[PDB]
Amino acid sequence: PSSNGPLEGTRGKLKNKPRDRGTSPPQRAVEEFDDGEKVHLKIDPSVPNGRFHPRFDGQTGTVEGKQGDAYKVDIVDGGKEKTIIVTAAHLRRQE
Amino acid sequence: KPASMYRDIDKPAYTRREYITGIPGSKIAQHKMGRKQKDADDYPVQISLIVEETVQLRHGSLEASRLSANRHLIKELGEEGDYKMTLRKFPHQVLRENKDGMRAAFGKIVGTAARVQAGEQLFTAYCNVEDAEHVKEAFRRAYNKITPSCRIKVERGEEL
Amino acid sequence: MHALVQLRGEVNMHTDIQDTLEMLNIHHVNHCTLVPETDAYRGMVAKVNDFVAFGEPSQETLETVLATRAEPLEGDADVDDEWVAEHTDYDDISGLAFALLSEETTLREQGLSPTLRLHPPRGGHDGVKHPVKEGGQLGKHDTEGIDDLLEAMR
Amino acid sequence: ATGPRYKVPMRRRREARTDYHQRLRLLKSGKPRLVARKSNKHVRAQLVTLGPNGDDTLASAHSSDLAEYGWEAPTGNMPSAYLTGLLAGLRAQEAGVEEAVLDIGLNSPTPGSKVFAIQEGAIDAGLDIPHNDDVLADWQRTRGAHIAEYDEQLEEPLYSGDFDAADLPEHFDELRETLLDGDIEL
Amino acid sequence: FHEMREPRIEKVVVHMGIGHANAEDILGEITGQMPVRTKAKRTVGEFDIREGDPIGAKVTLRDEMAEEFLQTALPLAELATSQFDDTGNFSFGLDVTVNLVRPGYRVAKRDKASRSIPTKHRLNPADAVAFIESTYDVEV
RNA sequence: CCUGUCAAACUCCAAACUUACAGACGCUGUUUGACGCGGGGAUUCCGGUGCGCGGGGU
RNA sequence: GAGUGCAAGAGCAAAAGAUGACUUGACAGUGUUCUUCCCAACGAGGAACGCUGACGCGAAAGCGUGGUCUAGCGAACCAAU
RNA sequence: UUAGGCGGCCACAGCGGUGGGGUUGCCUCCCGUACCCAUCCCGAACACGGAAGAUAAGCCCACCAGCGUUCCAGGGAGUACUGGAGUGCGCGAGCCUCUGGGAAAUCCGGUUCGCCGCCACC
Ligand SMILES: [Cl-]
Ligand SMILES: [Cl-]
Ligand SMILES: [Mg+2]
Ligand SMILES: [Mg+2]
Ligand SMILES: [Mg+2]
Ligand SMILES: [Mg+2]
Ligand SMILES: [Mg+2]
Ligand SMILES: [Mg+2]
Ligand SMILES: [Mg+2]
Ligand SMILES: [Mg+2]
Ligand code: NA
Ligand code: NA
Ligand code: NA
Ligand code: NA
Ligand code: NA
Ligand SMILES: [Sr+2]
Ligand SMILES: [Sr+2]
Ligand SMILES: [Sr+2]
Ligand SMILES: [Sr+2]
Ligand SMILES: [Sr+2]
Ligand SMILES: [Sr+2]
Ligand SMILES: [Sr+2]
């Protein structure tokens with residue numbers, strides 16, 4: 001890369017397909033998950049806050065409690081365990 | 001400069017004029033020749049020159065071949081003969097030359113070329129059954145000025 | 001049920017391909033194994049398709065090879081009808097061969113090594129640089145084709 | 001509409017019935033919503049909760065079914081609103097609902113409005129709802145006093161049908177008194 | 001069917017686009033109600049760089065205030081066919097615009113469940129000329 | 001309307017393929033203790049070639 | 001397609017833009033987590049998300065840990081505060 | 001749901017068009033400013049109060065495919081491209097065979113003029 005900021009090379013992954021453009025439905029921004037639940041991580045281009053580092057899009061972690069309204073999701077980056085703070089707006093239940 | 005330097009497709013497509021400046025003008029004078037006010041459907045015979053190998057043809061070659069071909073059609077059918085010929089490809093690919101050794105080698109802009117895949121029609125002429133052998137002769141002279149071997153193919157025409 | 005025989009060595013073969021052969025219990029050239037035809041196994045053989053010879057053998061051929069090259073999980077002991085009878089859920093090789101072909105059991109379940117260590121092909125094989133359709137010996141074979149090979153590696 | 005790339009709003013946005021930005025902020029409380037809505041003739045109060053396939057109304061009250069308890073007056077006014085809220089509130093208590101947040105949809109937060117009257121009604125039914133007393137109309141108006149004094153400038157009965165000439169905020173008292181009563185068939 | 005289709009005057013907007021006022025006073029007396037300042041957008045060479053700043057004034061008349069104005073306003077102009085809008089409006093003159101529409105226009109001006117007025121229910125130049133002409137004056 | 005062409009820094013489309021998690025089969029581990037944890041000792045931080053995909057350069 | 005301070009790419013329409021009004025959360029204290037440094041150790045810096053305290057606005061849910069997001073930054077010793 | 005309220009999915013729901021529907025019922029348009037409240041000017045809107053009138057708007061019900069969209073069959077196409085393999089071909093750029101996958105444009109015929117959830121209600 002020519003720069004090393006958090007959004008380097010995120011053109012595609014952080015952009016909405018034209019039709020999915022505009023404010024997102026509130027339903028999923030308010031969803032509730034339980035400790036132990038498997039959740040897919042994917043940032044919603046339309047939702048500014050509660051995001052995680054782009055490098056983590058595509059992960060499927062495990063909810064292990066929460067901080068404020070955001071959730072604490074456990075994942076494994078390569079071989080290292082990490083805890084990610086993320087709001088429901090960017091989460092989806094697995095299966 | 002020899003074509004050996006640019007005939008192959010061994011580089012990314014380089015055509016974005018919003019990021020490239022100082023591109024030389026094209027030497028191709030015309031893309032539509034003969035009687036361009038008439039239609040191609042108004043003719044019984046349609047012959048095309050087909051490229052047999054994928055290549056890049058510099059605008060200098062297009063003009064030389066287009067010239068030697070249409071120039072023949074003029075001499076044999078008149079400055080207004082009943083025919084029409086088309087060069088369908090346009091030189092979109094920008095060419096460089098590194099003219100300090102290999103340091104900061106990115107070349108300066110020196111020209112343009114058209115990328116043609118094998119089996120494509122470079123030229124397509126439309127004429128009457130009489131002038132069929134004249135268009136075939138124009139093409140023979142045309143393919144002697146572009147890198148690849150070609151096929152002169154008769155599309156619409158069966159009076160043999 | 002297909003018969004898998006490694007015909008090309010490990011040197012230079014992709015590691016994920018070599019690991020697949022090892023999961024199929026083959027660790028040497030000319031080693032054969034019997035594999036059920038499932039979606040899971042189908043993918044594995046497809047991945048090893050270029051370094052192996054495989055196909056469904058005939059009852060007789062399987063019987064010849066089982067008699068000649070089958071082995072206990074441990075030890076030299078010959079695997080003949082008597083052995084089969086005193087150690088397996090079958091009365092003789094044929095009963096075993098049939099159950100294998102019909103995929104009702106496996107060499108392991110019956111106390112046998114999952115691998116049949118064959119001998120080089122008498123008269124040589126068709127070459128390991130081309131598939132069957134091109135005259136070589138690699139890839140899926142005809143039941144008669146597999147039989148010819150297995151019998152030659154008797 | 002125009003092409004592949006065209007962006008059509010969410011249905012309830014086209015229909016201009018749901019303010020999604022307000023809705024989100026509303027749903028953040030985690031409490032049920034006290035949906036206050038108005039019609040030219042009636043007033044509705046619903047206790048809605050979030051659901052997997054859409055909202056869930058656990059209790060509601062419509063100014064129409066207000067008569068079922070002895071209402072012989074119009075149904076598009078302050079006394080009407082307050083009472084409808086109280087009714088819905090009481091029904092809410094029965095369902096086990098203890099708290100809610102006021103959702104006024106596309107109506108304006110005008111002081112003394114009916115949506116706030118609805119709110120005051122629900123609060124009196126025993127529902128815990130975040131509110132602000134000085135944005136609520138003063139008692140008398142809720143009673144319908146503003147309407148009685150209006151009919152004082154008679155010369156022509158305010159009401160077409162005959163509910164009464166000078167109207168009665170006293171009727172309001174009777175109905176409320178009737179609802180706060182334990183018995184009452186909800 | 002006709003009662004809820006016959007035109008009406010929603011508003012009469014009287015305004016004077018000056019360019020820098022003391023004119024509010026006249027509009028106030030000729031109309032009957034307070035005037036409104038008019039700001040501008042985009043800077044202009046004609047010493048009109050100040051974005052937000054007085055430049056004109058207008059008055060929107062509704063109901064009687066409008067009719068009682070038009071009664072003495074219309075007689076001052078010579079209405080023409082071209083002087084009419086496509087929605088069924090016309091502006092003459094100090095400018096004086098008259099906004100005409102049918103009974104259920106509120107449907108497109110209210111907050112809740114607003115909706116745009118269907119073309120069929122939209123007023124027409126012809127339908128407008130008629131209505132107006134049908135009230136103290138002549139067309140073209 | 002018709003007719004002739006394009007894009008590493010275009011996309012109404014769109015693979016093969018790569019990848020997170022889970023189950024299943026396989027293989028493997030429970031005396032050959034895997035996975036993991038803690039500690040001692042390093043060497044190493046001039047690499048090269050083939051193939052596939054490249055970017056620069058005749 | 002406007003606008004949103006400035007590269008580029010991205011976000012945004014009953015708004016994240018415009019107007020008007022009010023206001024000083026550009027607040028004090030202390031954390032969790034990610035980033036910096038994929039995997040995989042490493043500081044300053046940065047961000048997201050909390051709690052405690054005190055406040056602003058709003059009917060209220062709620063929003064405000066500066067500017068819609070990714071640049072705008074600096075150890076020890078010493079001095080001043 | 002003989003017209004309602006809150007929604008989920010967020011164009012299969014858009015754009016455009018045709019037909020039908022309302023005596024004390026519903027939604028509206030509608031009528032009207034003493035009040036709560038309101039317009040940097042207007043009871044236009046917002047807010048409040050109310051039924052003389054109407055089904056013309058909206059809305060709800062039935063329907064049309066011309067445009068946009070979703071999905072399906074056939075054609076394009078097992079083409080373009082491509083993961084694995086080759087002492088296969090080509091001066092070479094490159095191509096081919098075997099194995100495992102597999103488009104896009106476009107043509108043609110269908111589909112689509114929303115579906116579903118909760119509450120209330122001749
Ligand atoms: Cl993160
Ligand atoms: Cl409402
Ligand atoms: Mg990219
Ligand atoms: Mg052994
Ligand atoms: Mg020999
Ligand atoms: Mg050989
Ligand atoms: Mg120093
Ligand atoms: Mg100092
Ligand atoms: Mg009608
Ligand atoms: Mg060779
Ligand atoms: Na969105
Ligand atoms: Na130099
Ligand atoms: Na840090
Ligand atoms: Na002003
Ligand atoms: Na109607
Ligand atoms: Sr190259
Ligand atoms: Sr040649
Ligand atoms: Sr990749
Ligand atoms: Sr921010
Ligand atoms: Sr009015
Ligand atoms: Sr050569
Ligand atoms: Sr297939």
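Each chain gets a letter, A, B and so on, in the order its sequence line appears, and its residues count up from 1.
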Is there a donor-acceptor pair closer than 3.5 Å between any side-chain N or O of D:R176 and the backbone N or O of D:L86?
no
Taking CD in D:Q140 as the centre, count heavy atoms belonging to other residues, nucleotides or ligands within less than 6.0 Å. Is the count above 12?
yes
Ring-plane angle category for E:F84 and E:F90, please: parallel below 30°, perpendicular beyond 60°, tilted otherwise.
parallel
What I'd like to find out is whether the side chain of D:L90 reaches to under 4.5 Å of the side chain of D:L179, using heavy atoms alone.
yes
I'd like a table of donor-acceptor pairs (distance under 3.5 Å, sequence neighbours excluded) in which one partner is a side-chain atom from residues 38-53 of chain D, with atom names and distances.
unit_1	atom_1	unit_2	atom_2	d
D:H42	ND1	D:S63	OG	2.7
D:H42	ND1	D:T75	OG1	2.8

Whether the side chain of E:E133 engages the backbone of E:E139 through a donor-acceptor N/O pair (distance < 3.5 Å, no angle test) should be reported.
yes
Note: D:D103-D:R37 ion pair, threshold 4.0 Å (strictly below)
yes
Per-pair distances, 0.1 Å, donor-acceptor, side chain in residues 18-32 of chain E, under 3.5 Å, sequence neighbours excluded:
unit_1	atom_1	unit_2	atom_2	d
E:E24	OE2	E:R37	NE	2.8
E:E24	OE2	E:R37	NH2	3.2
E:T31	OG1	E:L27	O	2.6
E:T31	OG1	E:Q33	N	3.4
E:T31	OG1	E:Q33	O	3.4

Is the shortest side-chain heavy-atom distance between D:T84 and D:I118 below 4.5 Å?
no
Any non-hydrogen side-chain atom of A:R92 less than 4.5 Å from a side-chain atom of A:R28?
yes
Sidechain-backbone polar pair: E:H2 side chain, E:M4 backbone, donor-acceptor under 3.5 Å
no
Can you find a pair of side-chain heavy atoms, one from E:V13 and one from E:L61, that are under 4.5 Å apart?
no
With salt bridge (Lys or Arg N to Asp or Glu O under 4.0 Å) as the criterion, how do D:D55 and D:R33 come out once you've worked through the C-alpha distance, each side chain's angles and the decisive distance to 0.1 Å?
CA-CA 10 Å; D:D55 292 320; D:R33 287 179 295 143; 2.8 Å; yes
Distance-only, no hydrogens or angles: does the D:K31 side chain make a donor-acceptor pair with backbone N or O of D:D128 under 3.5 Å?
no
Nearest heavy atoms of D:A1 and D:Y6, plus distance in Å
N-CD2, 3.0 Å
Would you say E:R110's side chain and E:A113's backbone share a donor-acceptor pair under 3.5 angstrom?
yes
Test side-chain contact (heavy atoms from CB on, under 4.5 Å) on E:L94 and E:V96; report intermediate values, then the result.
CA-CA 7 Å; E:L94 179 152; E:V96 175; 3.7 Å; yes
What one should report as the nearest heavy-atom pair of A:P26 and A:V30 is O-CG2, 3.1 Å
Should the pair E:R8-E:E67 be classified as a salt bridge under the 4.0 Å nitrogen-to-oxygen rule?
no
E:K58, NZ: over 12 other non-hydrogen atoms inside 6.0 angstrom:
no
Closest heavy-atom pair, D:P74 versus D:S80, reported as atoms and distance to 0.1 Å, is O-OG, 4.1 Å
Could you pull out all residues at least two apart from D:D138 that satisfy side-chain hydrogen bond (donor to acceptor under 3.5 Å, both in side chains)?
none
Flag the pair E:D48 and E:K41 as a salt bridge only when some basic side-chain nitrogen lies within less than 4.0 angstrom of an acidic carboxylate oxygen.
no
Are there more than 12 heavy atoms of other residues, nucleotides or ligands under 6.0 Å from atom NZ of B:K36?
no
Test log, rule salt bridge (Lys or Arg N to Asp or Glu O under 4.0 Å), inputs A:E32 and A:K66:
CA-CA 11 Å; A:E32 298 282 315; A:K66 56 164 57 184; 3.8 Å; yes
What are the two closest heavy atoms between D:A16 and E:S114, and how far apart are they?
CB-N, 4.0 Å
D:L127 side chain reached by D:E98 side chain, heavy atoms, under 4.5 Å
no
Hydrogens and angles aside, do B:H92 and B:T112 bring a side-chain donor and acceptor to less than 3.5 Å of each other?
no
State whether the number of non-hydrogen atoms from other residues, nucleotides or ligands found under 6.0 Å of E:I49 atom CD1 is greater than 12.
no
Mind listing the closest non-hydrogen atom pair of A:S46 and A:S24 along with its distance?
CB-OG, 3.4 Å
Can you find a pair of side-chain heavy atoms, one from D:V101 and one from D:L34, that are under 4.5 Å apart?
no
Approximate separation, where rounding is to 0.5 Å, of D:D151 CG and D:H146 NE2
12.5 Å
Between D:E170 and D:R143, does any NZ, NE, NH1 or NH2 come within less than 4.0 Å of an OD or OE carboxylate oxygen?
yes
Pairwise side-chain contact, D:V8 with D:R14, heavy-atom cut-off 4.5 Å (strictly under):
yes
To the nearest 0.5 Å, how far apart are CG in E:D137 and CD in E:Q71?
11.5 Å
Got more than 12 heavy atoms from elsewhere within 6.0 Å of CG, A:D20?
yes
Main-chain N/O of E:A130 paired with E:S134 side-chain donor or acceptor, under 3.5 Å:
no
Spacing of A:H90 atom NE2 and A:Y71 atom OH [to the nearest 0.5 Å]:
13.5 Å
Looking at CG of E:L70 and CG of E:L74, how far apart are the two atoms once the value is rounded to the nearest 0.5 Å?
4.5 Å
Could you give the distance from CZ (E:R5) to CG (E:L123), rounded to the nearest 0.5 Å?
9.0 Å
Is A:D44 salt-bridged to A:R51, cutoff N-O under 4.0 Å?
no
With the side chain counted from C-beta on, respond yes when E:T60 and E:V12 share a heavy-atom pair under 4.5 Å apart, and no when they do not.
no
Between D:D19 and D:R12, is the salt bridge (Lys or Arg N to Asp or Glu O under 4.0 Å) condition met? List the steps.
CA-CA 8 Å; D:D19 178 325; D:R12 291 222 117 204; over 6 Å; no
Can you sort out the partners of E:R106 under side-chain hydrogen bond (donor to acceptor under 3.5 Å, both in side chains), two or more places apart, ordered by chain and number?
none
Nearest-0.5 Å distance, CG of residue D:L87 to OH of residue D:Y82
11.5 Å
Could you work out, with side-chain hydrogen bond (donor to acceptor under 3.5 Å, both in side chains) as the rule, every residue matching A:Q27, not counting sequence neighbours?
none
Exercise: identify the closest heavy-atom pair between B:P24 and B:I109:
CD-CG2, 3.6 Å
For D:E155, does the CD atom sit with more than 12 other heavy atoms under 6.0 Å from it, leaving out its own atoms?
no
Looking at D:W71 versus D:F172, is the centre-to-centre ring distance below 6.0 Å?
no
Under the criterion side-chain hydrogen bond (donor to acceptor under 3.5 Å, both in side chains), I'd like the reasoning laid out for E:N89 against E:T87: C-alpha separation, chi angles, the key distance, then a yes or no.
CA-CA 6 Å; E:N89 291 166; E:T87 309; 5.1 Å; no
Quick check: does any side chain N or O of A:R19 sit under 3.5 Å from a backbone N or O of D:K7, one acting as donor and the other as acceptor?
no
So side chain to side chain donor-acceptor pair (under 3.5 Å) across residues 105-122 of chain D, not counting sequence neighbours, yields none
For D:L168, does its backbone N or O pair with a side-chain atom of D:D164 as donor and acceptor, under 3.5 Å?
yes
Any chance the rings of D:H171 and D:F163 have centres within less than 6.0 Å?
yes
